[PDB]
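Student: So PDB author numbering is basically just the index in the sequence shown, starting at one, shifted up by 41.
No residue lacks a Cβ here, since even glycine has one placed at the ideal position from N, Cα and C.
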Amino acid sequence: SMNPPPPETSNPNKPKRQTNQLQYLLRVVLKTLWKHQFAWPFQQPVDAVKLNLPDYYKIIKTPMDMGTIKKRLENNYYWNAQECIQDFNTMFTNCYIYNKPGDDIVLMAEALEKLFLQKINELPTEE
Ligand SMILES: CCOC(=O)Nc1cc(-c2ccc(C)c(NS(C)(=O)=O)c2)nn2c(C)nnc12
Numbered sequence: 042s043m044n045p046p047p048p049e050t051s052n053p054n055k056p057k058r059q060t061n062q063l064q065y066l067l068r069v070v071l072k073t074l075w076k077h078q079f080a081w082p083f084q085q086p087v088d089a090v091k092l093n094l095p096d097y098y099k100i101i102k103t104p105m106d107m108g109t110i111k112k113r114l115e116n117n118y119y120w121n122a123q124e125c126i127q128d129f130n131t132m133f134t135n136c137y138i139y140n141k142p143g144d145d146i147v148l149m150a151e152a153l154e155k156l157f158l159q160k161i162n163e164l165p166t167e168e
């Protein structure tokens with residue numbers, strides 16, 4: 042049964058906050074990366090069935106994607122900005138683990154990550 046269940050995006054008993062940093066993560070970081078020409082393979086979980094990659098989820102045990110991140114930000118899933126930043130980093134790292142240097146998907150990930158790092162550098166102070 043080739044795809045795992047997707048990451049959780051809803052959990053009513055998990056404590057949540059709305060912080061100005063989490064707002065920036067949705068309105069600046071996510072928005073910018075989402076509309077990028079290279080965003081599309083990252084906008085939902087890797088579909089190992091569709092791609093015929095039966096080894097994907099043998100290799101990647103902590104999957105993450107921007108579709109998941111978008112839903113987490115829109116539905117106020119997080120306690121802090123660092124949880125969300127960790128999700129972006131997991132997404133990029135997984136890509137580098139599974140694939141090889143110079144593969145198209147890696148080039149795409151690198152371009153998104155450069156942008157991500159540019160925006161995270163301007164993360165607002167926690168008010
Ligand atoms: C040895 C071949 O390796 C790969 O094909 N690698 C990867 C491929 C794709 C990828 C391509 C095309 C499409 C249509 C999709 N769609 S989706 C999100 O529904 O699965 C994803 N994403 N990807 C991500 C992230 N990380 N690695 C890969």
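Output the distance between the C-alpha atoms of residue 132 and residue 104, rounded to the nearest integer angstrom.
Tutor: Computed Cα separation, rounded: 7 Å.
Student: Between the C-alpha atoms of residue 57 and residue 121, what's the straight-line distance to the nearest angstrom?
Tutor: Near 8 Å, if we compare the C-alpha coordinates of residue 121 and residue 57.
Student: Would you grab the beta carbon distance between residue 148 and residue 107 for me? Rounded to a whole angstrom, and I think it's under 8 Å.
Tutor: That belief does not hold up - the Cβ atoms of residue 148 and residue 107 are roughly 17 Å apart, past 8 Å.
Student: In three-state terms, what does DSSP make of residue 64?
Tutor: Residue 64: helix per DSSP, three-state reduction.
Student: If residue 152 and residue 137 are in contact, beta carbons under 8 Å, what's the gap, nearest whole angstrom?
Tutor: Contact flag wrong, Cβ pair sits at about 13 Å.
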